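**Student:** one piece of my complex first, more on the way:
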Amino acid sequence: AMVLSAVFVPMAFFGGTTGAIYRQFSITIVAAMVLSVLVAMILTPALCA
Amino acid sequence: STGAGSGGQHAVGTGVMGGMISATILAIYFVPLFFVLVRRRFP
Amino acid sequence: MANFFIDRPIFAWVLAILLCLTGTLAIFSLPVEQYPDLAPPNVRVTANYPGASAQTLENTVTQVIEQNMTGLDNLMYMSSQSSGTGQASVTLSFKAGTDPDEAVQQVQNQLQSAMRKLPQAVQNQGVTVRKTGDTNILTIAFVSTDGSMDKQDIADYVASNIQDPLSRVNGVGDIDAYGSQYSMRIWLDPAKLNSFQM
Amino acid sequence: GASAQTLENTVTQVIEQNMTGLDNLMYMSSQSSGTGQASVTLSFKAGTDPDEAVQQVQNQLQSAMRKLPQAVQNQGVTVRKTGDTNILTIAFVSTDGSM
C-alpha cells in the first residue's frame, strides 16, 4: 500500500491543466488502493474463514 | 474497441497489455536473480 | 487486525454493508460529465462600440479597461484585442486553482471603476464579464421548412419564445443565441433630410 | 415609468431567467410594483453561506444585464442579502411635545 501510494501520489502535485488531469487519476487510484488494502485486511479474511 | 472514444481506450488497453505481459514474463525470472545476488553480496 | 475480524465475521459484514450503502448513495448523488473543469480560470471582458474602428476602440475602450485591471489576484497574464467590427475583448487568465467565482467577481469590481470612463455608446451597449470556460452541450438550429419565416423572423421568434423556457431548466447555465432579435430600424435618406432642412 | 405588467414582463422575468438553476436554490419569489421597482427574492437552502449566495447571484446577474432595458441598467441592479429578523423596534417619542 505504501509503495503503491508513493507510485501514484506524486503525479497529483504537477502544475497546470496536465497537473489536474494527472491529479484526477492519482486521487482515484490512491483511494481505490487504500480501500482495497483496508478491505483486504478486514473483509476478505472473514469471507475466507 | 471500435467506436466512440476509441482513442483513449486503445491507448490504455495497449499500454496496460504490453506492460503486464512484459512484467509477468520477465519479473518471475529476474526478481529471484536480483534477490539471490543482493543476498549473496549482503551489502 | 486481520485476526480480529477472522473471529468476528459479522463485524466485517456490517462494515461491508455500510461501505456498499454509502457507495450507492454517492453514485446516486455524484455528477456525471465528459471531462471536469480542467483549465486555468480565464475571464473575458467584452465591450461593443457599434461602428467603431480598431484604433478608436483600442484608444477609448481597450486601454481604459487595461489601466484599471490592477490588483487582481493570481493573474498569470492579460491579453486584449480590438477589432474593426466594434468588439473589444480583454482576456484575464488566472493561475490554476483560483476560484472562478472570486476571479470573475474581482474582474467585475475592477471594471466598475472604469465604466464611466468608457464612451457613452459603449456603456449603453453593455460590458459583460464572463468566463471563457463555456462548454456548449447542444447547438440547436431552427429552420423554417415552409419558408414563411425569414431568418430575422426565426431569430426573433427564438429569442422571444424559446430562449426563455429553455433557460429555466435546472442544468442550463447559459444559452448563447446565434441570431439577432427584431429591432426597430430607421434608414435615413440624405436627399430627404436635405429637402426638409433636417 | 414602467407599468406593473410591463415591469414584470421586461425586468422581473428576465432576472428570473438566468438566476434559475442556482446552487441550493429552494424557490424564487418576485415582486413587481406599479411605482416601477422590481424585487426578486431567492431563498437558498438552509445552511448555505449567505455571502457565497450573494456572490453567486451577482456573478449570474452579469449574464442578464444585457437583456435588461437600458434604463434598468442605468438605474443599476442591487443584490443584497435580506431577512426579516427584527431584533428591536425602538420608538422615539417626545414627552414634552416640543419636538
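**Tutor:** Nice, thanks for sending it over. Residues are numbered from 1 along each chain as shown, chains lettered A, B, ... in the order given.

**Student:** secondary structure class for whatever residue of chain A ends up closest to chain C?
**Tutor:** As assessed by CB to the nearest CB, chain C sits closest to residue A:46 within chain A, at 3.7 Å. Bear in mind the C-beta positions are built from the backbone N, C-alpha and C, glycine included. For residue A:46, the secondary structure call by DSSP: H, G, I helix; E, B strand; the rest coil comes out as helix.

**Student:** Which residue is the nearest non-sequential neighbour of it?
**Tutor:** Nearest residue to residue A:46, sequence neighbours excluded (CB to CB, 6 or more residues apart in numbering or on different chains): residue C:12, at 3.7 Å.

**Student:** State the distance from residue C:51 to residue C:119.
**Tutor:** 11 Å (CB to CB, to the nearest Å).

**Student:** what's the answer for residue C:185, then?
**Tutor:** Residue C:185 is 22 Å from residue C:119, by CB to CB.

**Student:** what residues are up against the residue of chain A closest to chain C?
**Tutor:** Listed by CB atoms under 8 Å, 6 or more residues apart in numbering or on different chains, the contact set of residue A:46 reads C:5, C:6, C:8, C:9, C:11, C:12, C:13.

**Student:** Chain E should join the structure above:
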Amino acid sequence: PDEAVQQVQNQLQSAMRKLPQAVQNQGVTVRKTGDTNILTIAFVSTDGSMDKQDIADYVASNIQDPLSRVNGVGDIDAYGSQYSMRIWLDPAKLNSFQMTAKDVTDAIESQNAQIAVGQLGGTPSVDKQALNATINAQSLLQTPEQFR
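**Tutor:** Chain E, in position alongside the others:
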C-alpha cells in the same frame, strides 16, 4: 479580505451615482491594502538627460501599470504623474478676443475626439458590394503643436 472587499463593493455601488459627476469620472477605487509601503522605489536619471518630470512620466507610463498587476500588490501609489497636455490660459488674451474659458474647453472637446464613423459597406449592404473597409475620422491629437 475577499469577503470584506466584496461587501464594501456591494455597498459602494449604491452611492456611486450620488457622488458628483467629476468624482465618478475620476473613478472610485476599493483596494484591500493598508497604508505602509512594503518597498519604495526611487527612479533617478544618472546622466541628467531626463528631467524629473520626464522620469515621472516614464515611470507612470511604462512601470507603474506592469507593477500594479504583480500578484500580491494591493496598490502602488506614484509620487509622480504622467505627461499631460497642459494648457495655460491667459485672461488678458481671452478678454482681447472676447472668448471665455468655456469657449476654449468646448473647442478642445469638439476638435479632439475619437469618432466612430463606420465602414464602407457594413451589414446590411447593397447587393454586389466590392469591399468592406473601415472608415477613420479625426483622431486624438498627439503633439502640442497640433493643440496650438
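
**Student:** Please list the residues of chain A that sit near chain C.
**Tutor:** Contact residues, chain A versus chain C (CB under 8 Å from any CB of the partner chain): A:15-17, A:19-21, A:24, A:35, A:39, A:41-43, A:45-47, A:49.

**Student:** What subset of those residues is buried?
**Tutor:** Among those, those scoring as buried are A:19, A:20, A:42, A:43, A:45, A:46 (criterion: 16 or more other CB atoms under 10 Å in any protein chain shown).

**Student:** related to what we said a few turns ago, quick check, nearest of the residues of chain A next to chain C to chain E?
**Tutor:** Closest to chain E, out of all of the residues of chain A next to chain C and judged by CB to the nearest CB, is residue A:15, at 15.3 Å.

**Student:** Let me know whether residue C:181 touches residue C:155 as I believe.
**Tutor:** Yes: proximity of residue C:181 to residue C:155 meets the contact threshold set by CB atoms under 8 Å, at 6.2 Å.

**Student:** Dihedrals phi and psi, the most centrally placed residue in chain A?
**Tutor:** For chain A, the residue nearest the mean C-alpha position is residue A:30 (1.4 Å; CA atoms, centre = their mean). With angles defined as degrees, to the nearest 10, residue A:30 sits at phi -70, psi -40.

**Student:** attach chain F to the model above:
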Amino acid sequence: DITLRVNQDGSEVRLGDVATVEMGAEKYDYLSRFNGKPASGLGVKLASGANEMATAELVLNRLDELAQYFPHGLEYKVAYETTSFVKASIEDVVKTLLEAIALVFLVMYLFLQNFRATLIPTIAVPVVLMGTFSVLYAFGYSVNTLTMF
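**Tutor:** Alright, chain F goes in next:
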C-alpha cells in the same frame, strides 16, 4: 408618425417622410445557415455541478414541448450533440468493469476451481468500488472520462 416638426402652415414633417422604418435585426453581421437553408442557432451551455446527459435530455424534452406551439414551417434541428459520445463512454466503461469482474470469476474458477473461493473476490471488488465512489463524492469529484478510466 413621429412628428419631427410642424410648419406654420399646418403641414407636418414626420419620421416616415425622411426615412424608411422597418423592423429588422439589431446585428446584421451573422448569417447562420443550416443545410443550405437560412436558420438561427441556439447554443445551450451546462451549469457546473449537473449531469450533462440529463441536462441535454431535459432541454430536448422542453424544446419538444415548445415544438407543439411552433408556427407552421419552423422546426428545431440538432446540429451539435455531446450526449451520444458521453453515453457511449459510460457504457463502455461499465461494460469493461463488469466484463473484468466476469473474467476474474472465470480465471478464479480456472485456477482455484472452488465456487466459494471464486465468489470471495467477486464480492470483495464491488465493496472497494463503492468505497471509491464514496471517496470521490466526498472529495467533490464526479464521474468523468478520466475518473472512469
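
**Student:** The residue lying closest to the residue nearest to the centre of chain A once chain neighbours are set aside and residue D:11, how far apart?
**Tutor:** Spatially, and ignoring its direct neighbours in sequence, residue A:30 is nearest to residue A:8 (5.2 Å; CB to CB, 6+ apart). Distance, residue A:8 to residue D:11, by CB to CB: 53 Å.

**Student:** ok, the two, which is more surrounded?
**Tutor:** residue D:11 (24 against 19; other CB atoms under 10 Å in any protein chain shown).

**Student:** I'd like the distance between the more buried one and residue D:69.
**Tutor:** Relative to residue D:69, and taking CB to CB, residue D:11 is found at 7 Å.

**Student:** and what of residue F:76?
**Tutor:** 28 Å.

**Student:** which of those two has more neighbours?
**Tutor:** residue F:76 (18 against 14).

**Student:** Most proximal residue of chain F with respect to chain B?
**Tutor:** For chain F, CB to the nearest CB, closest residue to chain B: residue F:88, 3.7 Å.
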